Structures are given as structure tokens and as C-alpha cells.
>>> print(open('work-v1.pdb').read())   # PDB, C-alpha atoms and all ligand atoms
ATOM      1  CA  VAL Q   1      -4.530  10.404  15.299  1.00  0.00           C
ATOM      2  CA  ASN Q   2      -6.778   7.684  13.742  1.00  0.00           C
ATOM      3  CA  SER Q   3      -9.148   4.780  14.769  1.00  0.00           C
ATOM      4  CA  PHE Q   4      -6.866   1.840  13.846  1.00  0.00           C
ATOM      5  CA  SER Q   5      -6.116  -0.288  16.969  1.00  0.00           C
ATOM      6  CA  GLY Q   6      -3.736  -3.181  17.814  1.00  0.00           C
ATOM      7  CA  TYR Q   7      -1.396  -2.736  14.821  1.00  0.00           C
ATOM      8  CA  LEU Q   8       2.352  -3.343  15.003  1.00  0.00           C
ATOM      9  CA  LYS Q   9       4.295  -0.430  13.457  1.00  0.00           C
ATOM     10  CA  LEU Q  10       6.728  -1.658  10.746  1.00  0.00           C
ATOM     11  CA  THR Q  11       7.892   1.711   9.393  1.00  0.00           C
ATOM     12  CA  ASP Q  12       7.080   5.423   9.526  1.00  0.00           C
ATOM     13  CA  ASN Q  13       3.942   4.750   7.417  1.00  0.00           C
ATOM     14  CA  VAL Q  14       3.169   0.993   7.369  1.00  0.00           C
ATOM     15  CA  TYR Q  15       1.338  -0.885  10.106  1.00  0.00           C
ATOM     16  CA  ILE Q  16       0.253  -4.573  10.266  1.00  0.00           C
ATOM     17  CA  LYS Q  17      -2.268  -6.672  12.233  1.00  0.00           C
ATOM     18  CA  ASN Q  18      -3.608 -10.282  12.252  1.00  0.00           C
ATOM     19  CA  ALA Q  19      -7.210  -9.489  11.348  1.00  0.00           C
ATOM     20  CA  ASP Q  20     -10.092 -10.309   9.044  1.00  0.00           C
ATOM     21  CA  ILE Q  21     -10.229  -7.238   6.746  1.00  0.00           C
ATOM     22  CA  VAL Q  22     -14.044  -7.564   6.621  1.00  0.00           C
ATOM     23  CA  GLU Q  23     -14.318  -7.386  10.470  1.00  0.00           C
ATOM     24  CA  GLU Q  24     -11.733  -4.595  10.574  1.00  0.00           C
ATOM     25  CA  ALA Q  25     -13.611  -2.542   7.940  1.00  0.00           C
ATOM     26  CA  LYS Q  26     -16.914  -3.087   9.772  1.00  0.00           C
ATOM     27  CA  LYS Q  27     -15.327  -1.744  13.037  1.00  0.00           C
ATOM     28  CA  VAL Q  28     -13.220   1.199  11.695  1.00  0.00           C
ATOM     29  CA  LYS Q  29     -15.324   2.337   8.671  1.00  0.00           C
ATOM     30  CA  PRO Q  30     -12.121   3.626   7.088  1.00  0.00           C
ATOM     31  CA  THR Q  31     -12.178   6.282   4.364  1.00  0.00           C
ATOM     32  CA  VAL Q  32     -10.604   3.647   2.005  1.00  0.00           C
ATOM     33  CA  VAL Q  33     -10.628  -0.168   2.101  1.00  0.00           C
ATOM     34  CA  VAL Q  34      -8.533  -1.848  -0.616  1.00  0.00           C
ATOM     35  CA  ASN Q  35      -9.940  -4.834  -2.489  1.00  0.00           C
ATOM     36  CA  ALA Q  36      -7.665  -7.500  -4.002  1.00  0.00           C
ATOM     37  CA  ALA Q  37      -9.490  -7.218  -7.312  1.00  0.00           C
ATOM     38  CA  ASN Q  38      -9.109  -8.804 -10.747  1.00  0.00           C
ATOM     39  CA  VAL Q  39      -9.419  -6.893 -14.027  1.00  0.00           C
ATOM     40  CA  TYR Q  40     -13.080  -8.003 -14.480  1.00  0.00           C
ATOM     41  CA  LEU Q  41     -14.041  -7.000 -10.897  1.00  0.00           C
ATOM     42  CA  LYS Q  42     -15.424 -10.536 -10.477  1.00  0.00           C
ATOM     43  CA  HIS Q  43     -15.347 -10.836  -6.695  1.00  0.00           C
ATOM     44  CA  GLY Q  44     -15.517 -14.633  -6.370  1.00  0.00           C
ATOM     45  CA  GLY Q  45     -13.042 -15.616  -3.707  1.00  0.00           C
ATOM     46  CA  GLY Q  46     -10.212 -14.534  -1.471  1.00  0.00           C
ATOM     47  CA  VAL Q  47     -10.425 -11.031  -0.032  1.00  0.00           C
ATOM     48  CA  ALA Q  48     -12.697  -9.888  -2.911  1.00  0.00           C
ATOM     49  CA  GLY Q  49     -15.227 -12.663  -2.374  1.00  0.00           C
ATOM     50  CA  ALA Q  50     -15.256 -11.932   1.375  1.00  0.00           C
ATOM     51  CA  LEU Q  51     -15.670  -8.143   0.961  1.00  0.00           C
ATOM     52  CA  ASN Q  52     -18.387  -8.630  -1.642  1.00  0.00           C
ATOM     53  CA  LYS Q  53     -20.266 -11.166   0.553  1.00  0.00           C
ATOM     54  CA  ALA Q  54     -20.174  -8.639   3.445  1.00  0.00           C
ATOM     55  CA  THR Q  55     -21.917  -6.085   1.125  1.00  0.00           C
ATOM     56  CA  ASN Q  56     -24.707  -8.608   0.332  1.00  0.00           C
ATOM     57  CA  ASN Q  57     -23.435  -8.600  -3.334  1.00  0.00           C
ATOM     58  CA  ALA Q  58     -23.924  -4.818  -3.726  1.00  0.00           C
ATOM     59  CA  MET Q  59     -20.179  -4.501  -4.491  1.00  0.00           C
ATOM     60  CA  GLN Q  60     -20.608  -6.987  -7.412  1.00  0.00           C
ATOM     61  CA  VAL Q  61     -23.714  -5.174  -8.735  1.00  0.00           C
ATOM     62  CA  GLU Q  62     -21.856  -1.836  -8.734  1.00  0.00           C
ATOM     63  CA  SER Q  63     -18.773  -3.490 -10.256  1.00  0.00           C
ATOM     64  CA  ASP Q  64     -20.734  -5.059 -13.102  1.00  0.00           C
ATOM     65  CA  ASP Q  65     -22.118  -1.648 -14.049  1.00  0.00           C
ATOM     66  CA  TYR Q  66     -18.543  -0.167 -13.870  1.00  0.00           C
ATOM     67  CA  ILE Q  67     -17.183  -2.849 -16.241  1.00  0.00           C
ATOM     68  CA  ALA Q  68     -20.155  -2.548 -18.619  1.00  0.00           C
ATOM     69  CA  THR Q  69     -19.352   1.192 -18.951  1.00  0.00           C
ATOM     70  CA  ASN Q  70     -15.535   1.250 -18.781  1.00  0.00           C
ATOM     71  CA  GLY Q  71     -14.252  -2.218 -19.682  1.00  0.00           C
ATOM     72  CA  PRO Q  72     -11.688  -4.152 -17.671  1.00  0.00           C
ATOM     73  CA  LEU Q  73      -8.966  -2.667 -15.476  1.00  0.00           C
ATOM     74  CA  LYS Q  74      -5.255  -3.133 -16.252  1.00  0.00           C
ATOM     75  CA  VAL Q  75      -3.118  -5.489 -14.172  1.00  0.00           C
ATOM     76  CA  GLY Q  76      -1.384  -2.990 -11.835  1.00  0.00           C
ATOM     77  CA  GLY Q  77      -4.337  -0.585 -12.103  1.00  0.00           C
ATOM     78  CA  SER Q  78      -7.237   0.404  -9.902  1.00  0.00           C
ATOM     79  CA  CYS Q  79     -10.586   2.140  -9.659  1.00  0.00           C
ATOM     80  CA  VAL Q  80     -12.399   3.866  -6.806  1.00  0.00           C
ATOM     81  CA  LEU Q  81     -15.960   2.658  -6.143  1.00  0.00           C
ATOM     82  CA  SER Q  82     -18.279   2.737  -3.179  1.00  0.00           C
ATOM     83  CA  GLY Q  83     -17.256   1.197   0.145  1.00  0.00           C
ATOM     84  CA  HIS Q  84     -20.889   0.245   0.763  1.00  0.00           C
ATOM     85  CA  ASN Q  85     -21.389  -0.727   4.436  1.00  0.00           C
ATOM     86  CA  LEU Q  86     -17.646  -1.292   4.973  1.00  0.00           C
ATOM     87  CA  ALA Q  87     -15.891   2.025   4.218  1.00  0.00           C
ATOM     88  CA  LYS Q  88     -16.510   5.345   2.474  1.00  0.00           C
ATOM     89  CA  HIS Q  89     -14.703   4.123  -0.650  1.00  0.00           C
ATOM     90  CA  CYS Q  90     -13.281   0.848  -1.974  1.00  0.00           C
ATOM     91  CA  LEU Q  91     -10.073   1.088  -3.949  1.00  0.00           C
ATOM     92  CA  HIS Q  92     -10.144  -1.984  -6.211  1.00  0.00           C
ATOM     93  CA  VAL Q  93      -6.472  -2.727  -6.992  1.00  0.00           C
ATOM     94  CA  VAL Q  94      -5.333  -5.446  -9.405  1.00  0.00           C
ATOM     95  CA  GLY Q  95      -2.114  -7.077  -8.335  1.00  0.00           C
ATOM     96  CA  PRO Q  96      -0.615  -9.680 -10.702  1.00  0.00           C
ATOM     97  CA  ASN Q  97      -2.047 -13.188 -10.252  1.00  0.00           C
ATOM     98  CA  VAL Q  98       0.916 -15.662 -10.413  1.00  0.00           C
ATOM     99  CA  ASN Q  99      -1.643 -18.565 -10.823  1.00  0.00           C
ATOM    100  CA  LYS Q 100      -2.633 -16.863 -14.192  1.00  0.00           C
ATOM    101  CA  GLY Q 101       1.084 -16.197 -15.188  1.00  0.00           C
ATOM    102  CA  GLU Q 102       1.240 -12.308 -14.738  1.00  0.00           C
ATOM    103  CA  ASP Q 103       4.539 -10.298 -14.385  1.00  0.00           C
ATOM    104  CA  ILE Q 104       5.363  -9.899 -10.639  1.00  0.00           C
ATOM    105  CA  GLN Q 105       7.201  -6.556 -11.506  1.00  0.00           C
ATOM    106  CA  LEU Q 106       3.594  -5.291 -11.872  1.00  0.00           C
ATOM    107  CA  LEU Q 107       3.232  -5.560  -8.078  1.00  0.00           C
ATOM    108  CA  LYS Q 108       5.069  -2.233  -7.567  1.00  0.00           C
ATOM    109  CA  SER Q 109       2.708  -0.507 -10.058  1.00  0.00           C
ATOM    110  CA  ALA Q 110      -0.268  -2.010  -8.149  1.00  0.00           C
ATOM    111  CA  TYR Q 111       0.963  -0.609  -4.801  1.00  0.00           C
ATOM    112  CA  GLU Q 112       1.590   2.848  -6.372  1.00  0.00           C
ATOM    113  CA  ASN Q 113      -2.219   3.250  -6.494  1.00  0.00           C
ATOM    114  CA  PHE Q 114      -2.208   3.440  -2.681  1.00  0.00           C
ATOM    115  CA  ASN Q 115      -0.206   6.719  -2.837  1.00  0.00           C
ATOM    116  CA  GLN Q 116      -3.352   8.526  -4.148  1.00  0.00           C
ATOM    117  CA  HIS Q 117      -4.991   8.044  -0.706  1.00  0.00           C
ATOM    118  CA  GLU Q 118      -3.714   9.480   2.590  1.00  0.00           C
ATOM    119  CA  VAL Q 119      -4.852   6.512   4.748  1.00  0.00           C
ATOM    120  CA  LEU Q 120      -5.963   2.977   3.717  1.00  0.00           C
ATOM    121  CA  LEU Q 121      -6.956  -0.358   5.208  1.00  0.00           C
ATOM    122  CA  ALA Q 122      -5.538  -3.020   2.835  1.00  0.00           C
ATOM    123  CA  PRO Q 123      -4.556  -6.637   2.307  1.00  0.00           C
ATOM    124  CA  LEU Q 124      -1.192  -7.699   0.959  1.00  0.00           C
ATOM    125  CA  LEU Q 125      -1.507  -7.439  -2.816  1.00  0.00           C
ATOM    126  CA  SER Q 126      -0.970 -10.584  -4.872  1.00  0.00           C
ATOM    127  CA  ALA Q 127      -0.685 -12.703  -1.638  1.00  0.00           C
ATOM    128  CA  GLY Q 128      -2.968 -15.685  -0.632  1.00  0.00           C
ATOM    129  CA  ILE Q 129      -4.678 -17.243  -3.740  1.00  0.00           C
ATOM    130  CA  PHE Q 130      -2.888 -14.727  -6.092  1.00  0.00           C
ATOM    131  CA  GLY Q 131       0.211 -16.953  -5.768  1.00  0.00           C
ATOM    132  CA  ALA Q 132       2.780 -14.402  -4.845  1.00  0.00           C
ATOM    133  CA  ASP Q 133       5.165 -14.716  -1.886  1.00  0.00           C
ATOM    134  CA  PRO Q 134       3.565 -12.560   0.873  1.00  0.00           C
ATOM    135  CA  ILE Q 135       7.028 -11.704   2.279  1.00  0.00           C
ATOM    136  CA  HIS Q 136       7.836 -10.172  -1.101  1.00  0.00           C
ATOM    137  CA  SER Q 137       4.475  -8.363  -1.202  1.00  0.00           C
ATOM    138  CA  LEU Q 138       5.171  -6.780   2.198  1.00  0.00           C
ATOM    139  CA  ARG Q 139       8.646  -5.656   1.080  1.00  0.00           C
ATOM    140  CA  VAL Q 140       7.235  -4.046  -2.118  1.00  0.00           C
ATOM    141  CA  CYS Q 141       4.498  -2.387  -0.023  1.00  0.00           C
ATOM    142  CA  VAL Q 142       7.018  -0.839   2.385  1.00  0.00           C
ATOM    143  CA  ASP Q 143       9.307   0.268  -0.432  1.00  0.00           C
ATOM    144  CA  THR Q 144       6.483   1.736  -2.609  1.00  0.00           C
ATOM    145  CA  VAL Q 145       3.664   3.106  -0.442  1.00  0.00           C
ATOM    146  CA  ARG Q 146       4.404   6.490   1.152  1.00  0.00           C
ATOM    147  CA  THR Q 147       0.885   7.094   2.528  1.00  0.00           C
ATOM    148  CA  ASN Q 148      -0.352   5.517   5.737  1.00  0.00           C
ATOM    149  CA  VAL Q 149      -1.322   1.901   5.204  1.00  0.00           C
ATOM    150  CA  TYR Q 150      -2.885  -0.471   7.753  1.00  0.00           C
ATOM    151  CA  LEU Q 151      -2.368  -4.038   6.541  1.00  0.00           C
ATOM    152  CA  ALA Q 152      -4.778  -6.699   7.694  1.00  0.00           C
ATOM    153  CA  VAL Q 153      -3.385 -10.246   7.306  1.00  0.00           C
ATOM    154  CA  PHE Q 154      -6.109 -12.993   7.605  1.00  0.00           C
ATOM    155  CA  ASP Q 155      -3.841 -16.053   8.334  1.00  0.00           C
ATOM    156  CA  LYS Q 156      -2.276 -15.892  12.040  1.00  0.00           C
ATOM    157  CA  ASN Q 157       0.539 -18.245  11.035  1.00  0.00           C
ATOM    158  CA  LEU Q 158       1.399 -15.972   8.089  1.00  0.00           C
ATOM    159  CA  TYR Q 159       1.151 -12.795  10.223  1.00  0.00           C
ATOM    160  CA  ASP Q 160       3.727 -14.204  12.653  1.00  0.00           C
ATOM    161  CA  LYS Q 161       6.003 -15.246   9.784  1.00  0.00           C
ATOM    162  CA  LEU Q 162       5.735 -11.745   8.161  1.00  0.00           C
ATOM    163  CA  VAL Q 163       6.609  -9.946  11.449  1.00  0.00           C
ATOM    164  CA  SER Q 164       9.433 -12.332  12.408  1.00  0.00           C
ATOM    165  CA  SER Q 165      11.041 -12.095   8.915  1.00  0.00           C
ATOM    166  CA  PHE Q 166      10.573  -8.317   8.392  1.00  0.00           C
ATOM    167  CA  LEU Q 167      13.773  -6.377   7.753  1.00  0.00           C
TER     168      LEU Q 167
HETATM  169  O1  LIG Q 201      -4.191 -14.114   4.628  1.00  0.00           O
HETATM  170  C1  LIG Q 201      -4.334 -13.136   3.891  1.00  0.00           C
HETATM  171  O2  LIG Q 201      -4.577 -11.994   4.377  1.00  0.00           O
HETATM  172  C2  LIG Q 201      -4.264 -13.367   2.399  1.00  0.00           C
HETATM  173  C3  LIG Q 201      -5.606 -13.976   1.992  1.00  0.00           C
HETATM  174  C4  LIG Q 201      -5.835 -13.385   0.588  1.00  0.00           C
HETATM  175  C5  LIG Q 201      -6.677 -13.820  -0.416  1.00  0.00           C
HETATM  176  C6  LIG Q 201      -6.706 -13.140  -1.629  1.00  0.00           C
HETATM  177  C7  LIG Q 201      -5.881 -12.036  -1.844  1.00  0.00           C
HETATM  178  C8  LIG Q 201      -5.015 -11.633  -0.847  1.00  0.00           C
HETATM  179  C9  LIG Q 201      -5.000 -12.305   0.371  1.00  0.00           C
HETATM  180  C10 LIG Q 201      -4.140 -12.057   1.621  1.00  0.00           C
END
>>> encode(input="work-v1.pdb", output="C-alpha cells")
Amino acid sequence: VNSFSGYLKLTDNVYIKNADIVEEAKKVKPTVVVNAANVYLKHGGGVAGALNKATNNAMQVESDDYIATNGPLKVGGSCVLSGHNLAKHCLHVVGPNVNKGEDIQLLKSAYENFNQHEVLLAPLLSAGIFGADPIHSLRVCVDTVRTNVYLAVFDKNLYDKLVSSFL
């Protein structure tokens, strides 16, 4: 049994809810919240900007030190950093950004990072301002992630479209 409430069950392991991931993290304090990161961990906008704002910029301070030491992530890759006030840990995952021209086949590789964690609160990778089709992102998620994932979708209109169209 876990703390996640109000989710619709899509499969054995994937659950979905219309929710602000920031507000959901604040309530649940999950072991792992996923950030929709870029390779530079520059948390300017979208989910990353919102998560970072909720940490009072501490996520960005920590991230800048991580990049200064380790250099940029790979598209499709990830790193585990602090969850600050939102979660125990933040898994920063880089999905391909279609608005920068990145290979969408890298979306499966991005979701494979989730399999290293038993339970996660996450957004749809590459969706929103990353330019991918969120329906596609949800299909790759379900067909790739084997661990228990709680997907928070910010847009209500999109949530309803994702549920109604889910196979
Ligand atoms: O409505 C949503 O949940 C989308 C908003 C957003 C922004 C940047 C990255 C992913 C997503 C998912």
C-alpha cells in the first residue's frame, strides 16, 4: 500500500491523475519525484521551472554544482539529486526535446531510467513544451516502465484526452 490518492489505474504498474506535480509532491513526499530535465539541468520552465521554484531555487544551486563537477547529462539519461522539500530524491530525466530537433526514439531510453526506482511520481516525458505527442509519451511509458509510476498531468483537457484515448 502507498500514499498516492485519486489516481486512475491504467495498467498493473501505471497510474494517472490530473494534478500539479508540485502540489502532489508537497502532499505525498514521495521517495522519488521525476523532473523533466535538460542536459544542462537549467530548470527554467515547464515542470523543471515549477519544481525548482517550489524549492526556492535550491534545486538549481545543487544542479549547477552537479554540472560543474560532472558535465552535462545525455539525452535519454538521468541523475539522482536531492528532492529538497518535495521528495526524498529527484530523478532528473532528459527526454528528447522535439523543439530542439532530438531523436524521439530516445524517449524509450529516457523512461528506462524509471526502472531503477520501485515507485515514482512523474510527469510525461517529452510532453508539454518538449514538443512530443503526450499520447505517444504515455504509450512509451506503459510499454517501458515496469516499476510503479504515478503520472501527474498538469493540463485537465489533456488528462481527459489521455484517458479517453488510452488503449
Ligand atoms: O501538462 C503537463 O503535465 C505537461 C506540462 C509539461 C511541461 C514540461 C515538460 C512536461 C510537461 C507535461
>>> closest_residue(input="work-v1.pdb", among="Q:109, Q:99, Q:3, Q:63", to="ligand LIG 201 (chain Q)", atoms="all atoms listed in the file")
Q:99
>>> resolve_selection(input="work-v1.pdb", expression="the PyMOL selection byres (((not hetatm)) within 6 of (chain Q and resi 201))", output="count of residues only")
14
>>> resolve_selection(input="work-v1.pdb", expression="the PyMOL selection byres (((chain Q and resi 2) around 10) and not hetatm)", output="VMD selection string")
chain Q and resid 1 3 to 5 28 30 119
>>> closest_residue(input="work-v1.pdb", among="Q:50, Q:86, Q:94, Q:107", to="residue Q:72", atoms="only C-alpha atoms")
Q:94
>>> closest_residue(input="work-v1.pdb", among="Q:142, Q:88, Q:65, Q:132", to="residue Q:102", atoms="only C-alpha atoms")
Q:132
>>> residues_around(input="work-v1.pdb", residues="residue Q:117", least_positions_apart="3", cutoff="10 Å", atoms="only C-alpha atoms", output="compact mmCIF listing (two decimals) with C-alpha atoms, keeping the file's coordinate frame")
# COMPACT_ATOMS: atom_id res chain seq x y z
CA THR Q 31 -12.18 6.28 4.36
CA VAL Q 32 -10.60 3.65 2.00
CA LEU Q 91 -10.07 1.09 -3.95
CA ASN Q 113 -2.22 3.25 -6.49
CA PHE Q 114 -2.21 3.44 -2.68
CA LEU Q 120 -5.96 2.98 3.72
CA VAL Q 145 3.66 3.11 -0.44
CA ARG Q 146 4.40 6.49 1.15
CA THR Q 147 0.88 7.09 2.53
CA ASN Q 148 -0.35 5.52 5.74
CA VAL Q 149 -1.32 1.90 5.20
>>> closest_residue(input="work-v1.pdb", among="Q:140, Q:81, Q:51, Q:58", to="residue Q:95", atoms="only C-alpha atoms")
Q:140
>>> resolve_selection(input="work-v1.pdb", expression="the PyMOL selection byres (((chain Q and resi 24) around 10) and not hetatm)", output="PyMOL selection string")
chain Q and resi 4-5+17+19-23+25-30+33+86+121+152
>>> closest_atom_pairs(input="work-v1.pdb", of="stretch 48-165 of chain Q", to="stretch 41-44 of chain Q", cutoff="12 Å", atoms="all atoms listed in the file", output="JSON lines")
{"residue": "Q:48", "atom": "CA", "partner": "Q:43", "partner_atom": "CA", "distance": 4.7}
{"residue": "Q:49", "atom": "CA", "partner": "Q:44", "partner_atom": "CA", "distance": 4.5}
{"residue": "Q:50", "atom": "CA", "partner": "Q:43", "partner_atom": "CA", "distance": 8.1}
{"residue": "Q:51", "atom": "CA", "partner": "Q:43", "partner_atom": "CA", "distance": 8.1}
{"residue": "Q:52", "atom": "CA", "partner": "Q:43", "partner_atom": "CA", "distance": 6.3}
{"residue": "Q:53", "atom": "CA", "partner": "Q:43", "partner_atom": "CA", "distance": 8.8}
{"residue": "Q:54", "atom": "CA", "partner": "Q:43", "partner_atom": "CA", "distance": 11.4}
{"residue": "Q:55", "atom": "CA", "partner": "Q:43", "partner_atom": "CA", "distance": 11.3}
{"residue": "Q:56", "atom": "CA", "partner": "Q:43", "partner_atom": "CA", "distance": 11.9}
{"residue": "Q:57", "atom": "CA", "partner": "Q:43", "partner_atom": "CA", "distance": 9.0}
{"residue": "Q:58", "atom": "CA", "partner": "Q:43", "partner_atom": "CA", "distance": 10.9}
{"residue": "Q:59", "atom": "CA", "partner": "Q:43", "partner_atom": "CA", "distance": 8.3}
{"residue": "Q:60", "atom": "CA", "partner": "Q:43", "partner_atom": "CA", "distance": 6.6}
{"residue": "Q:61", "atom": "CA", "partner": "Q:42", "partner_atom": "CA", "distance": 10.0}
{"residue": "Q:62", "atom": "CA", "partner": "Q:41", "partner_atom": "CA", "distance": 9.6}
{"residue": "Q:63", "atom": "CA", "partner": "Q:41", "partner_atom": "CA", "distance": 5.9}
{"residue": "Q:64", "atom": "CA", "partner": "Q:41", "partner_atom": "CA", "distance": 7.3}
{"residue": "Q:65", "atom": "CA", "partner": "Q:41", "partner_atom": "CA", "distance": 10.2}
{"residue": "Q:66", "atom": "CA", "partner": "Q:41", "partner_atom": "CA", "distance": 8.7}
{"residue": "Q:67", "atom": "CA", "partner": "Q:41", "partner_atom": "CA", "distance": 7.5}
{"residue": "Q:68", "atom": "CA", "partner": "Q:41", "partner_atom": "CA", "distance": 10.8}
{"residue": "Q:70", "atom": "CA", "partner": "Q:41", "partner_atom": "CA", "distance": 11.5}
{"residue": "Q:71", "atom": "CA", "partner": "Q:41", "partner_atom": "CA", "distance": 10.0}
{"residue": "Q:72", "atom": "CA", "partner": "Q:41", "partner_atom": "CA", "distance": 7.7}
{"residue": "Q:73", "atom": "CA", "partner": "Q:41", "partner_atom": "CA", "distance": 8.1}
{"residue": "Q:74", "atom": "CA", "partner": "Q:41", "partner_atom": "CA", "distance": 11.0}
{"residue": "Q:75", "atom": "CA", "partner": "Q:41", "partner_atom": "CA", "distance": 11.5}
{"residue": "Q:77", "atom": "CA", "partner": "Q:41", "partner_atom": "CA", "distance": 11.7}
{"residue": "Q:78", "atom": "CA", "partner": "Q:41", "partner_atom": "CA", "distance": 10.1}
{"residue": "Q:79", "atom": "CA", "partner": "Q:41", "partner_atom": "CA", "distance": 9.8}
{"residue": "Q:80", "atom": "CA", "partner": "Q:41", "partner_atom": "CA", "distance": 11.7}
{"residue": "Q:81", "atom": "CA", "partner": "Q:41", "partner_atom": "CA", "distance": 10.9}
{"residue": "Q:90", "atom": "CA", "partner": "Q:41", "partner_atom": "CA", "distance": 11.9}
{"residue": "Q:91", "atom": "CA", "partner": "Q:41", "partner_atom": "CA", "distance": 11.4}
{"residue": "Q:92", "atom": "CA", "partner": "Q:41", "partner_atom": "CA", "distance": 7.9}
{"residue": "Q:93", "atom": "CA", "partner": "Q:41", "partner_atom": "CA", "distance": 9.5}
{"residue": "Q:94", "atom": "CA", "partner": "Q:41", "partner_atom": "CA", "distance": 9.0}
{"residue": "Q:129", "atom": "CA", "partner": "Q:44", "partner_atom": "CA", "distance": 11.5}
>>> write_last_selection(input="work-v1.pdb", atoms="C-alpha atoms", output="compact mmCIF listing (two decimals), keeping the file's coordinate frame")
# COMPACT_ATOMS: atom_id res chain seq x y z
CA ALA Q 48 -12.70 -9.89 -2.91
CA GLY Q 49 -15.23 -12.66 -2.37
CA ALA Q 50 -15.26 -11.93 1.38
CA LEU Q 51 -15.67 -8.14 0.96
CA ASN Q 52 -18.39 -8.63 -1.64
CA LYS Q 53 -20.27 -11.17 0.55
CA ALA Q 54 -20.17 -8.64 3.44
CA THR Q 55 -21.92 -6.08 1.12
CA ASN Q 56 -24.71 -8.61 0.33
CA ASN Q 57 -23.44 -8.60 -3.33
CA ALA Q 58 -23.92 -4.82 -3.73
CA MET Q 59 -20.18 -4.50 -4.49
CA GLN Q 60 -20.61 -6.99 -7.41
CA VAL Q 61 -23.71 -5.17 -8.74
CA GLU Q 62 -21.86 -1.84 -8.73
CA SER Q 63 -18.77 -3.49 -10.26
CA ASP Q 64 -20.73 -5.06 -13.10
CA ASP Q 65 -22.12 -1.65 -14.05
CA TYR Q 66 -18.54 -0.17 -13.87
CA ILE Q 67 -17.18 -2.85 -16.24
CA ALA Q 68 -20.16 -2.55 -18.62
CA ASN Q 70 -15.54 1.25 -18.78
CA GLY Q 71 -14.25 -2.22 -19.68
CA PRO Q 72 -11.69 -4.15 -17.67
CA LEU Q 73 -8.97 -2.67 -15.48
CA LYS Q 74 -5.26 -3.13 -16.25
CA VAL Q 75 -3.12 -5.49 -14.17
CA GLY Q 77 -4.34 -0.58 -12.10
CA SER Q 78 -7.24 0.40 -9.90
CA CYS Q 79 -10.59 2.14 -9.66
CA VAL Q 80 -12.40 3.87 -6.81
CA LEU Q 81 -15.96 2.66 -6.14
CA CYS Q 90 -13.28 0.85 -1.97
CA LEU Q 91 -10.07 1.09 -3.95
CA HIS Q 92 -10.14 -1.98 -6.21
CA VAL Q 93 -6.47 -2.73 -6.99
CA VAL Q 94 -5.33 -5.45 -9.40
CA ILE Q 129 -4.68 -17.24 -3.74
>>> axis_aligned_box(input="work-v1.pdb", around="stretch 62-76 of chain Q", padding_each_side="4 Å", output="JSON")
{"center_x": -11.8, "center_y": -2.1, "center_z": -14.2, "size_x": 28.7, "size_y": 14.7, "size_z": 18.9}
>>> atom_distance(input="work-v1.pdb", atom1="atom CA of residue Q:108", atom2="atom CA of residue Q:144")
6.5 Å
>>> atom_distance(input="work-v1.pdb", atom1="atom CA of residue Q:106", atom2="atom CA of residue Q:131")
13.6 Å
>>> atom_distance(input="work-v1.pdb", atom1="atom CA of residue Q:34", atom2="atom CA of residue Q:100")
21.1 Å
>>> closest_residue(input="work-v1.pdb", among="Q:159, Q:38, Q:101, Q:150", to="residue Q:15", atoms="all atoms listed in the file")
Q:150
>>> closest_residue(input="work-v1.pdb", among="Q:110, Q:167, Q:16, Q:151", to="residue Q:37", atoms="all atoms listed in the file")
Q:110
>>> residues_around(input="work-v1.pdb", residues="residue Q:166", least_positions_apart="5", cutoff="9 Å", atoms="only C-alpha atoms", output="list in words")
residues 10, 135, 138, 139 and 161 of chain Q
>>> write_last_selection(input="work-v1.pdb", atoms="C-alpha atoms", output="PDB file, keeping the file's coordinate frame")
ATOM      1  CA  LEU Q  10       6.728  -1.658  10.746  1.00  0.00           C
ATOM      2  CA  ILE Q 135       7.028 -11.704   2.279  1.00  0.00           C
ATOM      3  CA  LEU Q 138       5.171  -6.780   2.198  1.00  0.00           C
ATOM      4  CA  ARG Q 139       8.646  -5.656   1.080  1.00  0.00           C
ATOM      5  CA  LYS Q 161       6.003 -15.246   9.784  1.00  0.00           C
TER       6      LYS Q 161
END
>>> decode(input="work-v1.pdb", residues="stretch 19-28 of chain Q", atoms="N, CA, C and O atoms", output="CSV table (one decimal), in the first residue's frame")
chain,number,residue,atom,x,y,z
Q,19,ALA,N,-3.2,16.5,-12.0
Q,19,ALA,CA,-2.6,17.2,-10.8
Q,19,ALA,C,-1.4,18.0,-11.2
Q,19,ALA,O,-0.8,17.7,-12.2
Q,20,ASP,N,-1.2,19.0,-10.4
Q,20,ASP,CA,0.1,19.8,-10.4
Q,20,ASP,C,1.1,18.9,-9.7
Q,20,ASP,O,0.9,18.7,-8.4
Q,21,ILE,N,2.1,18.5,-10.4
Q,21,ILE,CA,3.2,17.6,-9.8
Q,21,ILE,C,3.8,18.3,-8.6
Q,21,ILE,O,4.2,17.6,-7.6
Q,22,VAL,N,3.9,19.6,-8.5
Q,22,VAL,CA,4.5,20.4,-7.4
Q,22,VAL,C,3.6,20.1,-6.1
Q,22,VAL,O,4.1,19.8,-5.1
Q,23,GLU,N,2.3,20.3,-6.3
Q,23,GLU,CA,1.3,20.2,-5.2
Q,23,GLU,C,1.2,18.7,-4.8
Q,23,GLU,O,1.2,18.4,-3.6
Q,24,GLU,N,1.3,17.8,-5.8
Q,24,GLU,CA,1.3,16.4,-5.4
Q,24,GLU,C,2.5,16.0,-4.6
Q,24,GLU,O,2.5,15.2,-3.6
Q,25,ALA,N,3.7,16.5,-5.0
Q,25,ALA,CA,5.0,16.2,-4.3
Q,25,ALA,C,4.9,16.7,-2.9
Q,25,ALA,O,5.2,16.0,-1.9
Q,26,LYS,N,4.4,17.9,-2.8
Q,26,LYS,CA,4.3,18.6,-1.5
Q,26,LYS,C,3.4,17.8,-0.5
Q,26,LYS,O,3.8,17.6,0.6
Q,27,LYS,N,2.3,17.1,-1.0
Q,27,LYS,CA,1.4,16.4,-0.2
Q,27,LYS,C,1.9,15.0,0.1
Q,27,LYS,O,1.9,14.6,1.3
Q,28,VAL,N,2.4,14.2,-0.9
Q,28,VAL,CA,2.9,12.8,-0.7
Q,28,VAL,C,4.3,12.7,-0.1
Q,28,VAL,O,4.5,11.8,0.6
